[PDB]
(Lines of atoms letter the chains of each structure in order from A and count residues from 1; the text may use other names and numbers.)
(Lines give C-alpha, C1' and ligand atoms only; values in the text may rest on other atoms or scores of the structure.)
Protein backbone atom coordinates (compact mmCIF):
# COMPACT_ATOMS: atom_id res chain seq x y z
CA UNK A 1 0.00 0.00 0.00
CA UNK A 2 2.70 2.54 0.93
CA UNK A 3 4.58 4.06 -2.02
CA UNK A 4 8.10 5.47 -2.34
CA UNK A 5 9.47 7.52 -5.21
CA UNK A 6 13.21 7.64 -5.87
CA UNK A 7 14.94 9.95 -8.31
CA UNK A 8 18.20 8.20 -9.16
CA UNK A 9 21.36 9.47 -10.78
CA UNK A 10 22.70 5.97 -10.18
CA UNK A 11 22.35 3.39 -12.95
CA UNK A 12 19.30 1.17 -13.23
CA UNK A 13 21.37 -2.04 -13.31
CA UNK A 14 22.87 -1.03 -9.95
CA UNK A 15 19.72 0.28 -8.30
CA UNK A 16 17.01 -2.15 -9.44
CA UNK A 17 18.14 -5.32 -7.62
CA UNK A 18 18.21 -3.44 -4.30
CA UNK A 19 14.84 -1.75 -4.78
CA UNK A 20 13.34 -5.11 -5.77
CA UNK A 21 14.70 -6.67 -2.58
CA UNK A 22 13.45 -3.75 -0.45
CA UNK A 23 9.99 -4.14 -1.95
CA UNK A 24 9.90 -7.88 -1.34
CA UNK A 25 10.90 -7.53 2.31
CA UNK A 26 8.84 -4.50 3.35
CA UNK A 27 5.78 -4.62 1.12
CA UNK A 28 6.52 -1.01 0.21
CA UNK A 29 6.06 -0.23 -3.49
CA UNK A 30 8.95 1.70 -5.03
CA UNK A 31 9.00 3.77 -8.20
CA UNK A 32 12.37 4.87 -9.55
CA UNK A 33 13.08 7.61 -12.08
CA UNK A 34 16.49 7.30 -13.75
CA UNK A 35 18.60 10.14 -15.09
CA UNK A 36 21.93 11.93 -14.66
CA UNK A 37 22.66 13.71 -11.36
CA UNK A 38 22.60 17.02 -13.27
CA UNK A 39 19.16 16.74 -14.82
CA UNK A 40 17.61 15.22 -11.70
CA UNK A 41 18.72 18.44 -9.99
CA UNK A 42 17.19 20.46 -12.82
CA UNK A 43 14.00 18.39 -12.72
CA UNK A 44 13.52 18.77 -8.97
CA UNK A 45 13.91 22.55 -9.21
CA UNK A 46 11.46 22.73 -12.11
CA UNK A 47 8.93 20.50 -10.35
CA UNK A 48 9.16 22.37 -7.05
CA UNK A 49 6.48 21.67 -4.44
CA UNK A 50 4.70 19.53 -7.02
CA UNK A 51 7.46 16.91 -7.09
CA UNK A 52 6.42 13.31 -6.26
CA UNK A 53 10.02 12.45 -5.29
CA UNK A 54 10.82 11.18 -1.77
CA UNK A 55 14.54 10.47 -2.24
CA UNK A 56 17.44 11.69 -4.36
CA UNK A 57 19.92 8.84 -4.74
CA UNK A 58 22.96 10.42 -6.35
CA UNK A 59 26.13 9.25 -8.07
CA UNK A 60 28.18 12.10 -6.59
CA UNK A 61 28.60 14.02 -3.34
CA UNK A 62 28.83 17.14 -5.50
CA UNK A 63 25.25 16.71 -6.74
CA UNK A 64 23.93 16.10 -3.21
CA UNK A 65 25.85 19.21 -2.18
CA UNK A 66 24.08 21.18 -4.90
CA UNK A 67 20.67 19.84 -3.89
CA UNK A 68 21.38 20.83 -0.29
CA UNK A 69 22.49 24.35 -1.23
CA UNK A 70 19.30 24.71 -3.27
CA UNK A 71 17.21 23.83 -0.21
CA UNK A 72 15.84 20.52 -1.50
CA UNK A 73 17.04 18.19 1.27
CA UNK A 74 15.94 17.48 4.86
CA UNK A 75 18.36 17.42 7.79
CA UNK A 76 18.92 13.84 8.98
CA UNK A 77 19.09 12.35 12.48
CA UNK A 78 22.12 10.93 14.28
CA UNK A 79 20.88 7.33 14.32
CA UNK A 80 21.22 7.22 10.52
CA UNK A 81 24.20 9.56 10.10
CA UNK A 82 26.35 7.63 12.58
CA UNK A 83 26.27 4.49 10.36
CA UNK A 84 28.78 5.37 7.59
CA UNK A 85 32.44 5.20 8.60
CA UNK A 86 33.27 8.43 6.70
CA UNK A 87 32.09 11.19 4.34
CA UNK A 88 29.04 12.44 6.24
CA UNK A 89 28.39 16.05 5.14
CA UNK A 90 28.61 18.86 7.70
CA UNK A 91 25.14 19.93 6.51
CA UNK A 92 23.77 16.59 7.73
CA UNK A 93 21.41 16.67 4.72
CA UNK A 94 22.43 13.39 3.07
CA UNK A 95 24.04 10.05 3.92
CA UNK A 96 27.07 8.64 2.09
CA UNK A 97 26.50 5.06 0.89
CA UNK A 98 29.65 3.92 -0.98
CA UNK A 99 33.00 5.36 -1.96
CA UNK A 100 35.04 4.76 -5.13
CA UNK A 101 38.66 5.78 -5.87
CA UNK A 102 40.35 7.16 -8.94
CA UNK A 103 43.31 4.93 -9.74
CA UNK A 104 45.82 4.40 -12.50
CA UNK A 105 45.19 1.30 -14.57
CA UNK A 106 48.12 -0.14 -16.51
CA UNK A 107 49.38 -3.09 -18.51
CA UNK A 108 51.84 -5.11 -16.37
CA UNK A 109 53.40 -6.56 -19.54
CA UNK A 110 54.67 -3.10 -20.47
CA UNK A 111 54.72 -1.15 -17.21
CA UNK A 112 56.52 -1.95 -13.96
CA UNK A 113 54.59 -1.03 -10.80
CA UNK A 114 57.81 0.21 -9.17
CA UNK A 115 58.31 2.59 -12.06
CA UNK A 116 55.08 4.56 -11.92
CA UNK A 117 55.05 8.12 -10.50
CA UNK A 118 53.93 8.87 -6.95
CA UNK A 119 51.88 11.87 -8.09
CA UNK A 120 49.44 12.32 -10.96
CA UNK A 121 51.14 15.61 -11.78
CA UNK A 122 54.26 13.67 -12.75
CA UNK A 123 52.41 11.31 -15.12
CA UNK A 124 53.18 13.17 -18.35
CA UNK A 125 56.91 13.33 -17.52
CA UNK A 126 56.85 9.60 -16.86
CA UNK A 127 55.00 8.96 -20.14
CA UNK A 128 57.55 11.00 -22.08
CA UNK A 129 60.55 9.32 -20.49
CA UNK A 130 59.01 5.91 -21.11
CA UNK A 131 58.15 6.76 -24.72
CA UNK A 132 54.39 6.37 -24.34
CA UNK A 133 53.30 8.92 -26.92
CA UNK A 134 50.14 7.52 -28.49
CA UNK A 135 49.97 4.97 -25.65
CA UNK A 136 48.13 6.83 -22.86
CA UNK A 137 44.35 6.58 -22.54
CA UNK A 138 41.81 8.85 -20.86
CA UNK A 139 38.04 9.42 -20.72
CA UNK A 140 37.50 13.17 -21.12
CA UNK A 141 33.67 12.95 -21.13
CA UNK A 142 33.41 10.73 -18.06
CA UNK A 143 31.90 12.18 -14.91
CA UNK A 144 34.62 10.92 -12.54
CA UNK A 145 37.51 12.06 -14.71
CA UNK A 146 35.94 15.51 -14.65
CA UNK A 147 35.73 15.31 -10.83
CA UNK A 148 39.38 14.33 -10.68
CA UNK A 149 40.32 17.40 -12.75
CA UNK A 150 38.18 19.54 -10.45
CA UNK A 151 40.13 18.16 -7.48
CA UNK A 152 43.38 19.11 -9.18
CA UNK A 153 42.15 22.69 -9.43
CA UNK A 154 41.16 22.85 -5.74
CA UNK A 155 44.47 21.32 -4.73
CA UNK A 156 47.05 22.78 -7.16
CA UNK A 157 45.24 25.72 -8.74
CA UNK A 158 44.08 26.37 -12.31
CA UNK A 159 47.45 27.22 -13.84
CA UNK A 160 49.11 24.03 -12.62
CA UNK A 161 46.08 22.03 -13.77
CA UNK A 162 46.07 23.64 -17.23
CA UNK A 163 49.78 22.91 -17.57
CA UNK A 164 48.98 19.29 -16.72
CA UNK A 165 46.17 18.99 -19.25
CA UNK A 166 48.33 20.43 -22.03
CA UNK A 167 51.20 18.11 -21.11
CA UNK A 168 48.84 15.13 -21.19
CA UNK A 169 47.41 16.36 -24.49
CA UNK A 170 50.96 16.58 -25.90
CA UNK A 171 51.24 12.84 -25.19
CA UNK A 172 48.76 12.26 -28.01
CA UNK A 173 46.39 10.38 -25.70
CA UNK A 174 43.62 8.16 -27.01
CA UNK A 175 40.17 9.16 -25.83
CA UNK A 176 37.61 6.50 -24.91
CA UNK A 177 33.80 6.78 -24.61
CA UNK A 178 33.75 4.57 -21.55
CA UNK A 179 36.02 2.99 -18.97
CA UNK A 180 35.56 -0.58 -20.16
CA UNK A 181 36.53 0.56 -23.68
CA UNK A 182 39.71 2.03 -22.26
CA UNK A 183 40.52 -1.01 -20.13
CA UNK A 184 39.87 -3.24 -23.13
CA UNK A 185 42.38 -1.13 -25.08
CA UNK A 186 44.83 -1.64 -22.21
CA UNK A 187 44.14 -5.39 -22.44
CA UNK A 188 44.65 -5.25 -26.21
CA UNK A 189 47.95 -3.38 -26.05
CA UNK A 190 46.54 -0.26 -27.74
CA UNK A 191 47.42 1.82 -24.64
CA UNK A 192 49.62 1.03 -21.64
CA UNK A 193 47.99 3.14 -18.93
CA UNK A 194 44.99 5.32 -18.08
CA UNK A 195 43.27 6.94 -15.09
CA UNK A 196 39.96 5.27 -14.17
CA UNK A 197 37.72 4.29 -11.24
CA UNK A 198 39.02 1.38 -9.13
CA UNK A 199 35.92 -0.84 -9.61
CA UNK A 200 36.42 -1.08 -13.40
CA UNK A 201 39.78 -2.70 -12.76
CA UNK A 202 38.18 -4.93 -10.14
CA UNK A 203 35.58 -6.10 -12.68
CA UNK A 204 38.20 -6.90 -15.31
CA UNK A 205 40.29 -8.82 -12.78
CA UNK A 206 37.25 -10.83 -11.72
CA UNK A 207 36.71 -11.73 -15.39
CA UNK A 208 40.25 -13.15 -15.57
CA UNK A 209 42.10 -10.08 -16.85
CA UNK A 210 45.05 -9.07 -14.67
CA UNK A 211 45.23 -5.30 -15.15
CA UNK A 212 47.66 -3.34 -12.99
CA UNK A 213 46.18 -0.98 -10.43
CA UNK A 214 48.41 1.82 -9.20
CA UNK A 215 47.61 4.20 -6.32
CA UNK A 216 49.41 7.51 -5.98
CA UNK A 217 50.87 8.83 -2.73
CA UNK A 218 48.32 9.40 0.03
CA UNK A 219 46.61 12.75 -0.51
CA UNK A 220 47.44 12.93 -4.24
CA UNK A 221 44.80 14.29 -6.65
CA UNK A 222 45.13 11.04 -8.59
CA UNK A 223 43.40 9.18 -5.73
CA UNK A 224 40.28 11.33 -5.56
CA UNK A 225 37.49 9.86 -3.40
CA UNK A 226 34.24 9.52 -5.38
CA UNK A 227 31.37 9.45 -2.89
CA UNK A 228 27.82 8.25 -3.65
CA UNK A 229 24.87 8.89 -1.36
CA UNK A 230 21.19 9.58 -0.91
CA UNK A 231 19.08 12.30 0.64
CA UNK A 232 15.52 12.74 1.81
CA UNK A 233 13.74 15.52 -0.09
CA UNK A 234 11.53 18.05 1.67
CA UNK A 235 8.78 17.11 -0.81
CA UNK A 236 8.62 13.57 0.59
CA UNK A 237 5.20 12.60 1.95
CA UNK A 238 6.48 9.16 2.93
CA UNK A 239 9.08 9.95 5.61
CA UNK A 240 9.12 6.62 7.45
CA UNK A 241 9.48 4.49 4.32
CA UNK A 242 12.09 6.85 2.85
CA UNK A 243 14.10 6.72 6.08
CA UNK A 244 13.67 2.96 6.16
CA UNK A 245 15.12 2.81 2.65
CA UNK A 246 18.11 4.99 3.55
CA UNK A 247 18.76 2.73 6.53
CA UNK A 248 18.54 -0.28 4.25
CA UNK A 249 21.28 1.06 1.93
CA UNK A 250 23.67 1.09 4.90
CA UNK A 251 22.75 -2.44 5.99
CA UNK A 252 25.44 -5.16 5.87
CA UNK A 253 23.55 -7.08 3.19
CA UNK A 254 23.10 -4.11 0.87
CA UNK A 255 26.68 -3.04 1.55
CA UNK A 256 27.81 -6.56 0.58
CA UNK A 257 25.93 -6.02 -2.67
CA UNK A 258 27.86 -2.81 -3.37
CA UNK A 259 31.17 -4.60 -2.72
CA UNK A 260 30.30 -7.84 -4.50
CA UNK A 261 27.83 -7.00 -7.23
CA UNK A 262 29.20 -3.55 -8.00
CA UNK A 263 32.81 -3.61 -6.77
CA UNK A 264 32.67 -0.34 -4.78
CA UNK A 265 34.01 0.29 -1.26
CA UNK A 266 31.45 -0.10 1.51
CA UNK A 267 31.12 2.43 4.28
CA UNK A 268 30.30 -0.02 7.08
CA UNK A 269 31.84 -3.10 8.70
CA UNK A 270 30.24 -6.56 8.68
CA UNK A 271 30.98 -7.36 5.04
CA UNK A 272 33.43 -9.61 3.16
CA UNK A 273 35.88 -7.62 1.06
CA UNK A 274 37.00 -8.61 -2.43
CA UNK A 275 40.78 -9.27 -2.38
CA UNK A 276 41.22 -6.56 -5.06
CA UNK A 277 40.24 -3.83 -2.61
CA UNK A 278 42.52 -2.01 -0.18
CA UNK A 279 41.79 -2.33 3.51
CA UNK A 280 39.17 0.35 4.21
CA UNK A 281 41.46 2.53 6.35
CA UNK A 282 44.02 2.54 3.53
CA UNK A 283 41.37 3.26 0.93
CA UNK A 284 40.15 6.14 3.09
CA UNK A 285 43.68 7.55 3.45
CA UNK A 286 44.41 7.64 -0.29
CA UNK A 287 42.28 10.61 -1.25
CA UNK A 288 43.10 14.27 -0.72
CA UNK A 289 41.08 15.71 2.17
CA UNK A 290 38.97 18.01 0.03
CA UNK A 291 35.49 19.32 0.65
CA UNK A 292 33.88 16.83 -1.72
CA UNK A 293 30.72 18.92 -1.98
CA UNK A 294 32.71 21.87 -3.31
CA UNK A 295 34.78 20.49 -6.19
CA UNK A 296 35.07 23.26 -8.82
CA UNK A 297 33.46 21.15 -11.52
CA UNK A 298 32.56 24.23 -13.56
CA UNK A 299 36.17 25.43 -13.57
CA UNK A 300 37.19 21.89 -14.57
CA UNK A 301 34.94 21.65 -17.63
CA UNK A 302 36.11 25.12 -18.65
CA UNK A 303 39.79 24.21 -18.51
CA UNK A 304 38.99 20.99 -20.37
CA UNK A 305 37.39 22.97 -23.20
CA UNK A 306 39.91 25.80 -23.22
CA UNK A 307 42.70 23.25 -23.61
CA UNK A 308 40.67 21.54 -26.33
CA UNK A 309 40.42 18.21 -24.52
CA UNK A 310 36.61 18.19 -24.41
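Positions refer to the first chain, counted from 1.
Between 57 to 65 and 274 to 282, it is 274 to 282 that carries the larger average Cα temperature factor according to the deposited entry.
Here the stretch with the larger average CA B-factor, out of 95 to 103 and 190 to 198, is 190 to 198.
Out of 79, 238, 179, 119, the entry records its largest CA B-factor for 238. Compared with the other modelled residues of the chain, the Cα B-factor recorded for residue 219 ranks in the middle third. Among all modelled residues in this chain, the alpha-carbon of residue 204 has a temperature factor (C-alpha) in the lowest third.
In the deposited entry, the Cα temperature factor of residue 229 places it in the lowest third of its chain's modelled residues. In the deposited entry, the Cα temperature factor of residue 74 sits in the bottom third of values across the chain's modelled residues. Per the deposited record, the Cα B-factor of residue 156 falls in the highest third when ranked against the other modelled residues of its chain.
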